[PDB]
Trainee: 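Sharing a structure with you now.
Counting begins at 1 with the first residue of the sequence. When a ligand or atom number is given, it counts from 1 through the structure's own listing order.
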Amino acid sequence: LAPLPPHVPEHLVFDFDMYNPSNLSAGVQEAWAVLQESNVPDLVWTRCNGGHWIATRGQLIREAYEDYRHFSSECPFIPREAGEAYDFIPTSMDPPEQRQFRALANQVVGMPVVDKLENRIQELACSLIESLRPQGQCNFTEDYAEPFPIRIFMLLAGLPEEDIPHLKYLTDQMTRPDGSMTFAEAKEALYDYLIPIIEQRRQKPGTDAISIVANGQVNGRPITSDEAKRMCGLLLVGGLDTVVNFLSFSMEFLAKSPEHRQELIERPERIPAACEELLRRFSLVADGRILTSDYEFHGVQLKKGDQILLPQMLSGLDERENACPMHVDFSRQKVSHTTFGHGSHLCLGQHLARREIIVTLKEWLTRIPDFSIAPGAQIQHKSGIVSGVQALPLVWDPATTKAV
Ligand code: MNR
Ligand SMILES: CC1(C)[C@@H]2CC[C@@]1(C)C(=O)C2
Ligand SMILES: [K+]
C-alpha cells in the first residue's frame with residue numbers, strides 16, 4: 001500500500017490491485033466487476049501499486065479517453081515507473097503529434113494487410129485444429145491460443161519462430177510481470193532485440209512489417225531509427241499478448257456453454273455478431289492516462305501528475321451500458337463496449353484481431369463442435385494491463401468430430 005495523498009479524501013478509497021484482484025478466483029472479469037457494485041462510487045482511489053484513480057463506469061471512461069487535453073497518454077501505465085518508462089509509438093503520444101504515426105502502423109497491421117494474410121490465417125487455423133482434432137484433448141493456451149496469433153505475427157514481421165519464447169517472455173513482463181523484470185527492463189530488452197534488426201532492414205528494405213515501418217514516412221518525412229524501434233516494439237506486444245489471451249477467454253466460455261456452441265453451429269452467419277458480444281463480455285484491457293494539470297472531474301478534484309486507470313474492460317460490463325452485462329447474448333441489440341479502446345488511440349489491430357477470432361470460431365466449431373473443460377479442472381485467470389488465462393485444458397470425444 002502507498003501513503004494516501006492530501007487531495008485524496010477517504011470515502012472514495014477502494015484498494016483495488018489491478019495485478020492481483022481479490023475475487024480473481026471467480027474470474028478476472030468478475031474480479032474487476034466488483035468496482036461496479038452499488039456500494040462503489042464512479043471514481044475511486046487505490047493505494048495499491050503506488051496509488052492512482054480508477055474510473056469504474058463507461059461514461060467516465062469514455063469521456064476521459066476523449067479529453068486528451070487533460071488526460072495525457074504520455075504516462076499510460078501503472079505503476080508510475082512503468083508509465084514513465086513507457087515510450088511506445090503512437091500510444092505514448094497525444095494528438096496532433098500522434099496522428100501521423102498511426103497511418104504508418106496501419107500500413108503493417110491494417111485491413112489491407114489482413115486481406116493479404118487471409119489465406120495464411122485460414123490455413124494455419126485449419127492445420128492447427130485438424131492436428132488436435134483426433135486427440136480428444138488439448139491445452140488450449142499452449143496448443144492454439146499462443147501459436148496461432150503469434151506465428152501469424154512473426155510471419156508478418158519476418159521474424160524467426162525460434163525467437164518466440166524470448167519475445168513472449170518479455171511482452172508478458174510488461175503486462176503481467178512475474179517480478180523478475182521491471183517494465184523498463186523488459187522494454188529495453190525488447191528494444192535491444194529490435195535495434196540490430198531495424199538497422200539491417202533500413203539498408204536492405206524488405207516486405208516485412210519491420211522493414212515497412214523502418215523505411216516509412218511520417219506525414220511526408222522519414223521515420224528515425226528510434227521512432228521505428230518505439231513503434232515496432234508496440235506492434236510486438238500487440239501481436240503477442242492480446243488476441244492470444246482473448247481466444248482463451250472465449251473458448252473457456254464456449255467449452256462451458258453447450259447452448260452457445262449449438263447457436264453458432266446451427267447459424268454460422270452469427271459468428272461475427274457473436275465475436276463482438278464475446279469481445280464485450282470478455283474484454284481484457286486496462287491502461288490509463290495522466291493528469292496534465294489540476295482538474296475537477298465529476299466532483300472529484302484531480303491533481304496534476306496523478307495517474308488514472310481507465311479500464312477499457314469495465315465499459316461494456318457496465319450494467320448502465322448493457323442490461324444483464326454478465327450474460328452472453330449473441331442477439332444483443334446494442335453491444336456497447338470500449339474493448340478496443342476509445343478516442344484517438346482506438347486499436348489499430350482490431351481488424352486483424354476480429355479476423356483471427358472469427359476464423360478460430362468458425363474453423364474450430366466446424367471440426368470440433370463439441371468440447372468441454374477437462375473434468376475436475378478449475379480455470380485460473382490472471383490480471384494486469386492485459387488479463388489472461390493461465391491454462392485451459394479441453395476435452396472432447398473424437399467420434400463427434402469431423403475432418404474437412
Ligand atoms: C499486432 C497488432 C495489434 C493487435 C493484434 C491488437 C489487438 C488488440 C486486442 C485483441 C483482442 C485488444 C483487446 C486490443 C486493445 C487495444 N489496442 Mn490493439 N488490441 N493496438 C495496437 C496493436 C494491436 N492491437 C496498436 C498499434 C495500438 C496503438 C494505437 C494508438 O496508440 O494510436 C493499439 C491500441 C489498443 C488500445 C488503446 C490503448 C490506449 O488507449 O492506451 C486498446 C484498448
Ligand atoms: C494496452 C495495449 C493492449 C495497447 C496495445 C498493446 C498494449 C499493452 C499497449 O501498450 C497499447
Ligand atoms: K512515458
Trainee: Look at ligand 1 and say whether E356 reaches it with a heavy atom at a distance under 4.0 Å.
Mentor: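 Not so, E356 does not reach ligand 1.
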
Trainee: Has the side chain of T46 got a donor or acceptor atom that lies under 3.5 Å from a matching backbone atom of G51?
Mentor: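 Here the side-chain-to-backbone pair does not exist.
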
Trainee: Taking non-hydrogen atoms only, is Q312 closer than 4.0 angstrom to ligand 1 via side chain, backbone, both or neither?
Mentor: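 Just the side chain.
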
Trainee: With respect to the K ion (ligand 3), please indicate if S92 possesses an N, O or S atom at a distance under 3.4 Å.
Mentor: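 Checking the K ion (ligand 3) against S92, no N, O or S atom falls under 3.4 Å.
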
Trainee: Counting only nitrogen or oxygen atoms and a 3.5 angstrom limit, does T91 reach ligand 2?
Mentor: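 No: no nitrogen or oxygen of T91 is under 3.5 Å from one in ligand 2.
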
Trainee: ring-ring contact (aromatic ring centres under 6.0 Å, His included): which pairs involve residues 298-335, sequence neighbours left out?
Mentor: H260-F330

Trainee: The K ion (ligand 3) is nearest to which N, O or S atom of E74?
Mentor: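 Nearest N/O/S atom of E74: O.
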
Trainee: Determine whether the side chain, the backbone, both or neither of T91 has a heavy atom under 4.0 Å from any heavy atom of ligand 1.
Mentor: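 Looking at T91 and ligand 1, atoms from backbone and side chain both fall under 4.0 Å.
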
Trainee: Are any of the side-chain heavy atoms of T56 and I61 separated by less than 4.5 Å?
Mentor: no

Trainee: Below 2.8 Å, which protein N, O or S atoms neighbour atom 18 (Mn) of ligand 1, ignoring water?
Mentor: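 Listed by chain and number, the atoms are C347 SG.
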
Trainee: May I ask you to establish whether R176 and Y19 are in a cation-pi arrangement, using a distance under 6.0 Å from NZ or CZ to the six-membered ring centre and at most 45° from the ring axis?
Mentor: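 No.
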
Trainee: Are any of the N/O atoms in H345 less than 3.5 Å from those in ligand 1?
Mentor: yes

Trainee: Is there a heavy atom in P90 that sits closer than 4.0 Å to ligand 1?
Mentor: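 Yes, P90 has heavy atoms under 4.0 Å from ligand 1.
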
Trainee: Under 4.0 angstrom from ligand 1, any heavy atom of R289?
Mentor: yes

Trainee: Does the distance from a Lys or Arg side-chain N to an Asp or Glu carboxylate O, for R354 and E276, drop under 4.0 Å?
Mentor: yes

Trainee: Can you see whether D306 engages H7 through a side-chain donor-acceptor pair at a distance of less than 3.5 angstrom?
Mentor: yes

Trainee: Give the residue and atom name of whichever protein heavy atom lies nearest to atom 1 (C) of ligand 2, and the separation in Å to one decimal.
Mentor: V285 CG1, 3.6 Å

Trainee: Taking NZ, NE, NH1 and NH2 as the nitrogens, is one of them in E162 or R151 under 4.0 Å from a carboxylate oxygen of the other?
Mentor: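 No salt bridge links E162 with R151.
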
Trainee: Looking only at protein heavy atoms, which one is nearest to atom 26 (C) of ligand 1, and what is the separation?
Mentor: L234 CD2, 3.8 Å

Trainee: Below 4.0 angstrom from a heavy atom of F77, which ligand 2 atoms are there? Numbered from 1 as shown, please.
Mentor: 8 (C), 10 (O)

Trainee: Measure from atom 4 (C) of ligand 2 to the protein's non-hydrogen atoms and state whether any distance is below 4.0 Å.
Mentor: no

Trainee: Tell me: protein heavy atom nearest atom 41 (O) of ligand 1, and distance?
Mentor: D287 OD2, 2.4 Å

Trainee: Check whether the side chains of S211 and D208 place a donor and an acceptor atom closer than 3.5 Å, and report yes or no.
Mentor: yes

Trainee: Would you call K382-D178 a salt bridge at under 4.0 Å N-O?
Mentor: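 No.
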
Trainee: Is the distance between the ring centroids of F246 and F282 less than 6.0 Å?
Mentor: no

Trainee: Taking just the N, O or S atoms of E84, which one is nearest to the K ion (ligand 3)?
Mentor: O

Trainee: Would you please indicate yes or no on a ring centroid separation below 6.0 angstrom for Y193 and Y191?
Mentor: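 So the answer is no for these two rings.
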
Trainee: Checking side-chain polar atoms at under 3.5 Å, does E321 have a donor or acceptor matched by the opposite partner on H337?
Mentor: no

Trainee: Is the shortest distance from a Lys or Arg side-chain nitrogen in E263 or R270 to a carboxylate oxygen in the other one below 4.0 Å?
Mentor: yes

Trainee: For ligand 1, is any non-hydrogen atom under 4.0 Å from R99's backbone (N, CA, C, O), its side chain (CB onward), both, or neither?
Mentor: neither

Trainee: Measure the distance from atom 9 (C) of ligand 2 to every protein heavy atom, then report the residue, atom name and distance (to 0.1 Å) of the closest one.
Mentor: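 Looking only at protein heavy atoms, the one closest to atom 9 (C) of ligand 2 is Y86 OH, 3.4 Å.
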
Trainee: What protein heavy atom sits nearest atom 13 (C) of ligand 1, and how far away is it?
Mentor: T339 O, 3.6 Å

Trainee: Among protein heavy atoms, which lies nearest atom 1 (C) of ligand 1, and at what distance?
Mentor: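 For atom 1 (C) of ligand 1, the nearest protein heavy atom is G239 N, 3.3 Å.
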
Trainee: Select one of side chain, backbone, both or neither to describe which atoms of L234 lie under 4.0 Å from any atom of ligand 2, heavy atoms only.
Mentor: side chain

Trainee: Nearest 0.5 angstrom please: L361 CG to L278 CG, how far?
Mentor: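 Between atom CG of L361 and atom CG of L278 there are 6.5 Å.
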
Trainee: Using a distance threshold of 3.4 Å, state whether an N, O or S atom of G83 lies below it from the K ion (ligand 3).
Mentor: yes

Trainee: Would you say the side-chain atoms of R201 pair up with the backbone N or O of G206, donor to acceptor, closer than 3.5 Å?
Mentor: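 Pair absent, no side-chain N/O of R201 close to backbone of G206.
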
Trainee: Where on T338 is there a heavy atom closer than 4.0 Å to ligand 1, on the side chain, on the backbone, on both, or on neither?
Mentor: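 Looking at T338 and ligand 1, no heavy atom falls under 4.0 Å.
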
Trainee: Step by step, would you call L302 with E296 a side chain to side chain contact (heavy atoms under 4.5 Å, CB included)?
Mentor: CA-CA 6 Å; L302 308 181; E296 179 168 58; over 6 Å; no

Trainee: My understanding is that only one of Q312, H342, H345 makes a side-chain hydrogen bond (donor to acceptor under 3.5 Å, both in side chains) with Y65; could you say which?
Mentor: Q312

Trainee: In terms of residue, atom name and distance, what is the protein heavy atom nearest to atom 32 (O) of ligand 1?
Mentor: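 Going atom by atom, the protein heavy atom closest to atom 32 (O) of ligand 1 ends up being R102 NH1, 2.7 Å.
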
Trainee: Answer side chain, backbone, both or neither: which part of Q98 comes under 4.0 Å from ligand 1, heavy atoms only.
Mentor: side chain

Trainee: If the threshold is 4.0 Å, N to carboxylate O, is there a salt bridge linking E130 and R133?
Mentor: yes

